[PDB]
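sequence first, structure after; it's an experimental one.
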Amino acid sequence: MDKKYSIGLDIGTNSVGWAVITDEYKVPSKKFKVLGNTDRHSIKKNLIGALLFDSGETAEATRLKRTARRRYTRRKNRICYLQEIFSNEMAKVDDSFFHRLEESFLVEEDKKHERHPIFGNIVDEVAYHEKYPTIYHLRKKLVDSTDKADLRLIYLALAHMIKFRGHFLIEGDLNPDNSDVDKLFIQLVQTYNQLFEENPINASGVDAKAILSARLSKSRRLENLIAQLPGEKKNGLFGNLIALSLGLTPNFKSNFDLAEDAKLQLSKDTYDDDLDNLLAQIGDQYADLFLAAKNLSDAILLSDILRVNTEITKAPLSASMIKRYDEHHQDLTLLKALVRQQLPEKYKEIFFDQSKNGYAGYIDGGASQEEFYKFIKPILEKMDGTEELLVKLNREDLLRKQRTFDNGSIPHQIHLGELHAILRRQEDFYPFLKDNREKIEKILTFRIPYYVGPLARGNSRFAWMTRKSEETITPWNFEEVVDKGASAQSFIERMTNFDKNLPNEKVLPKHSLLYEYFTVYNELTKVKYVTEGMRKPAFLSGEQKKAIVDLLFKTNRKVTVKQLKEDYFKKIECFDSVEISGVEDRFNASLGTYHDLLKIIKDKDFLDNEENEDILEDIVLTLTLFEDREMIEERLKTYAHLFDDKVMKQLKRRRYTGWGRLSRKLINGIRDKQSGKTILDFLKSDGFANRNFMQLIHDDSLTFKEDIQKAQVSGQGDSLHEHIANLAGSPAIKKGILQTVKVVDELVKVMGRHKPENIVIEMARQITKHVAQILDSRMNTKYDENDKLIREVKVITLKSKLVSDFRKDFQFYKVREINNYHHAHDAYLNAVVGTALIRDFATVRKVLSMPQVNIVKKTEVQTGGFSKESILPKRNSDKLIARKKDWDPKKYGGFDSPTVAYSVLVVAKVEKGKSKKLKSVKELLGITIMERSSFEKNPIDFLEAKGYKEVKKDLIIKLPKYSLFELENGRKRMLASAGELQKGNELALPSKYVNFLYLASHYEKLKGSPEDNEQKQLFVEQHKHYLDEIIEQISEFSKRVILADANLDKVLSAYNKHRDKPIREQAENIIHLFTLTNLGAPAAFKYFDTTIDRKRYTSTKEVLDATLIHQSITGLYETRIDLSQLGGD
DNA sequence: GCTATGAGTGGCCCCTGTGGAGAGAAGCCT
DNA sequence: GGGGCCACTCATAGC
RNA sequence: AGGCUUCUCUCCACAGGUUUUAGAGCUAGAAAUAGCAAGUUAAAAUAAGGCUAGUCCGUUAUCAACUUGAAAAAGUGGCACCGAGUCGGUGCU
């Protein structure tokens, strides 16, 4: 017969539960055939088990490294551009110069030219390293000198600047010329007093210079200034200007009594023209003061980093670094003298041992700055004359390096200034530099805009750029090849979610005029009013709706029901008393866009004509899409013909954010077949029907729901990957979803394809309903006689606290730490409870004590980075992997620790010994991930390359990670890699022991009635003998399968060493002890006070004579292979 | 007599620090 | 967290 | 409707780190070694490379075994009963 049955499911972060139950709450056991070459020709198993797999990983690392790769490629491109520019002139001075630079990383033997990269003779190298100890001295030389310079040195300077061109946080142009804060602040005071001599603010008594110098919050510095500034406050004009210079965004209308509201941020780029915007209102006199404020802002911003170079030069950064170097040398000499004078013994320790964290480790070792300061500080405290050094160390300025993490704040404008100064000074002697100043400067300043995206030629799945001319994109001609305009549209449109009712349609901007119309009219649909004499509330008439909208909504930005009752019914309809329902004291909808556009354009008839609707909608869309004004101006240029220049300029300034939820072709695109009206038209006037959006979509009287039904055609059957990709949540749970789907498919395959009646599901931490919907779509595919689905399979969602309280009430405790059966038991209880809401407890106990549970470790082909990235120094081994195809690791060192893609069993002959004699062998060979393509290209070739001979192709068995092997006495192992094995057996602890362990674990944390607590305490106290039984069972299981004789002896000694402790402590230490036999990699643990190192099974020989297992996703189908009989010696 | 093998056994090692722009969600508050 | 690698020590097989 | 925080996806940039090489160590001493001197920077790579040859792409996800397929994809293993330490036995077919 067709046994009525249902399948329970448990979906988690790392595992999937599966179980089959009858209506009688039993668990049937069935017999399954075995394929392969074994003799165990039939196996019977319970229809319950749990699946395991690794956690899915977010894409974040992949995205990071993709972006990094692109940055590196573009940096190399910039160097190549500079070298192409220099090439022809460089050919005359030194032909091999760029060759020397390229091959500089090879050893003396490998190089094709002279070994000194720069000059090719050692004498000039020493001269260069004497005259310029660091590159910054050369940069200063080229900044200041009027003498003709060697072309090679200038190339070095320019390349150094380009390859580290710094950040682009600041827009505009910073002026390092305004080096000193104090005099600029005095100029600000003078200009402020000239503007306001009636109420001067005293400069004396204000410590602006130091406070601006002192490292404090911008709000903190502003507060300190207000305390110092007499008769002044933050929102006051002078304090507002100071905050503007600091970086706060103050509004300026209150100071000048302006209708316009302008919150300017000086650093922000829009400030540069919005300043002229505001000065157009407030007159020209206020302009120069804002200029001085900008100067003060630049002064403080740069002085925070340049460390106040009083030396009058155009390139502060080089001077600052050179000053730091000089102070470093001075302090080094002084420290050497003092330490040699007072503590002769530690000289070698501090200054020779690379392993220490002293100066030797700080320079020739790997010690950072902080560790060196930490080591050196106490020594200074034991000596004399260390006052200055300790003060400097409190500044973090002792013996400082030059290439450190501080430079992460240097703005690129400084590098640009030095570049320009060089190109100006040296142009007189070198003509070709003069022609290329623009190009070189652009190379530094240019970058691909964030919204354009990668410059790909179609064949890149991440690209959206549109290319006009087939010229190669180069920074000099970027503008003429790609369109910034058309590009940006595509960049934005990738994300705007499609309309639900019309999946092929894009949603409109939230601030669309059509959107405002829709919201206003629809909210008016369900408004009812009661006047005297009216027995029932009346729907507002379409004529009334139109008149009210025209009179109030197009005249008032925010309208209350009070205004309606006072203005329309009262004044026009002569109803003094009206009772209105459906709106709470004000309309939620508002025609804000209408008022703004009428404010700017000032043509009401233009806004009132439907013939202009497309124009307005396009305008709103454009004003929402972009954020750079220039492209908006480009797009608005289409409508400059109907509008004057000032109106056009005002439009280019408003901005909107947010998107709507409905599509144009929905609200005003689809028409009713009967009348030709749109949803908007029906809302505006629908007779006595006065239907809302919900009514208009769910009513069959109009063809709208027909079109929507026609619109939601089921998409073409996608691969499971894209079904996974659409959902919302952590991708691991999506992995679990796919696993559960395949589990259901395979289980239906098992039961003779007779579909189950019910499905009970639970989920770990909406998407649950999505999983249920996917399952129901897969299962129920019968449409009834009326094209309605027949629900032969019901899917019910249940919550975890249900089963939790079900366990706690009937005392079927779970302990996650004893084994992995708990997933299967939770799934089975899920199914049973779900069926229950649609012998029993004896059956529950009988099932839960079953030792046979189907646990399968899902095999995985490891993918990811080829190996570790921390490049290691050279050393004599064959276990390092070259960084390039031609860089022998012995000479150059390189990578280490590859990750094995998988392993294949090898049966061949090998030349062994000094005599090169053939021995027939059979072992595991691991394919590295980096070699996967080569091996799957032609395995025979790759194997022959490894030295194996007479390769027998058919013998190759493909063994992923967590391949499973069978050994004597049921001992099992999982293949972690080619050389390490993990435990493959489970400790089956009977039910009563588990319950006792739970009770003892919470012995002082049990929660229940006090009578229940006393019952459970007494039950624990009665069965104290359980301690030794559990200990001995662990011992016996270890002796059979784990083989941890040293560890087992240590554990047994520890248990005897502490046998006299209370129950709860002993139980907690028991919980720790289960780690020894858990499935997976061995893990160390603490038992009372003794640490047990993890035992690693570091040999894989014993499986070469074992029986291999291949399991279905639940293992109900098995194909066992005996490896002993193939390739016998 | 000597060398080579591998088989443990213990112990150590693993790239990091940011900023900007955008879209969606989700959770909290008003 | 868990696998790769090294230093050490050493029984063991081989010769 | 609005404000703040957190999460996912994509793009743009920055600063380091590492590696090797270059930056003539000197003296005494056959050497071991001892003494002294100096110590802050630079070039290149930053998953091997691939072909569609782009200022593109390479660490996400998907894959037990057998037959049919380039792959997506398709097909491939009996039933009931009594028992239970990784599952056993009995009967029909």
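Yep, that arrived. Numbering: from 1, shown residues only, chains lettered A, B, ... in the order given.

tell me the secondary structure for the closest residue to residue A:112 other than its chain neighbours?
Distance criterion CB to CB, 6 or more residues apart in numbering; nearest residue to residue A:112, sequence neighbours excluded, is residue A:103 at 6.4 Å. Just so you know, the C-beta spots here come from the backbone N, C-alpha and C atoms, and that holds for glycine as well. Assigned with DSSP: H, G, I helix; E, B strand; the rest coil, residue A:103 falls in the helix class.

what's the burial count for residue A:103?
By other CB atoms under 10 Å, the residues close to residue A:103 number 15.

would you mind measuring from it to residue A:115?
Using CB to CB, to the nearest Å, residue A:103 is found at 10 Å from residue A:115.

re the thing from before, tell me the contacts of the residue nearest to residue A:112?
Taking CB atoms under 8 Å, 6 or more residues apart in numbering, we find residue A:103 in contact with A:110-113.

contacts only, for the residue of the stretch 601-750 of chain A found nearest DNA strand C.
Distances between the stretch 601-750 of chain A and DNA strand C by CB to the nearest atom of the strand are smallest at residue A:732, namely 15.5 Å. Neighbour list for residue A:732: A:13-14, A:55-56 [criterion: CB under 8 Å, 6+ apart].

so which helix or strand takes in it?
Taking DSSP states H and E as the criterion, residue A:732 maps to helix A:731-750.

list the buried residues for that helix?
For helix A:731-750, burial by neighbour count (16 or more other CB atoms under 10 Å) applies to A:731-741, A:743-744, A:747-748, A:750.

how about stretch A:939-947?
A:939, A:942-943.

is it true that residue A:233 touches residue A:225?
No - if you go by CB atoms under 8 Å, residue A:233 and residue A:225 don't touch, sitting 10.6 Å apart.

when those two are compared, which one has more neighbours?
Neighbour count, other CB under 10 Å: between residue A:233 and residue A:225, residue A:225 has more, with 22 against 11.

do you know how far the residue sitting furthest away from the middle of chain A is from DNA strand B?
What lies farthest from the middle of chain A is residue A:533; by CA atoms, centre = their mean that is 64.9 Å. Going from residue A:533 to DNA strand B by CB to the nearest atom of the strand, to the nearest Å gives 40 Å.

quick one: the helix holding residue A:732 near DNA strand B?
No - using CB under 7 Å from any atom of the strand, helix A:731-750 stays clear of DNA strand B, coming no nearer than 12.6 Å.

any idea how chain A splits into domains?
A:5-38+A:730-855, A:60-93+A:132-168+A:412-445, A:181-279, A:316-408, A:507-661, A:982-1110 (automatic domain parsing).

wait, which of those is closest to residue A:930?
domain A:60-93+A:132-168+A:412-445 (15.7 Å; CB to CB).

so how far is that closest one off the chain centroid?
Distance, stretch centre to chain centre, for domain A:60-93+A:132-168+A:412-445: 34 Å (CA atoms, centre = their mean, to the nearest Å).

ditto for stretch A:1064-1083
From the chain centre to the centre of stretch A:1064-1083 is a distance of 35 Å (CA atoms, centre = their mean).

and stretch A:1024-1044, by the same measure?
46 Å.

list the buried ones in that stretch?
Those would be A:1026-1027, A:1030-1031, A:1034-1035, A:1037-1038, A:1041-1042, A:1044, for stretch A:1024-1044 by 16+ other CB under 10 Å.

how about stretch A:842-853?
A:844, A:847-848, A:850, A:853.

and these, which two are the farthest apart?
A:844 and A:853, at 15.3 Å, using CB to CB across the buried residues of stretch A:842-853.

any residue of stretch A:259-270 touching DNA strand B?
No - using CB under 7 Å from any atom of the strand, stretch A:259-270 never reaches DNA strand B; the gap is at least 8.4 Å.

can you report how many residues lie near residue A:1085?
Neighbours of residue A:1085 (other CB under 10 Å): 19.

same check, this time on the one 3 residues further on
Neighbours of residue A:1088 under the rule other CB under 10 Å: 14.

quick one, longest helix in chain A?
Counting residues, the longest helix in chain A under DSSP state H turns out to be helix A:60-93.

do it and DNA strand B come into contact?
No - using CB under 7 Å from any atom of the strand, helix A:60-93 stays clear of DNA strand B, coming no nearer than 7.6 Å.

what comes up buried for that helix?
For helix A:60-93, a neighbour-count test (16+ other CB under 10 Å) marks A:78, A:81-83, A:85-86, A:90 as buried.

tell me how far residue A:752 lies from residue A:5.
11 Å.

tell me the residues of the stretch 501-650 of chain A that contact DNA strand B?
Residues of the stretch 501-650 of chain A lying near DNA strand B (CB under 7 Å from any atom of the strand): residue A:627.

excluding sequence neighbours, find me the nearest residue to the residue in the stretch 501-650 of chain A that RNA strand D sits nearest to.
Sorted by distance to RNA strand D under CB to the nearest atom of the strand, the residues of the stretch 501-650 of chain A start with residue A:510, at 5.9 Å. Sequence neighbours aside, residue A:658 is the residue nearest to residue A:510 in space, at 3.9 Å (criterion: CB to CB, 6+ apart).

what's near enough to touch that neighbour?
Counting by CB under 8 Å, 6+ apart, residue A:658 touches A:509-511.
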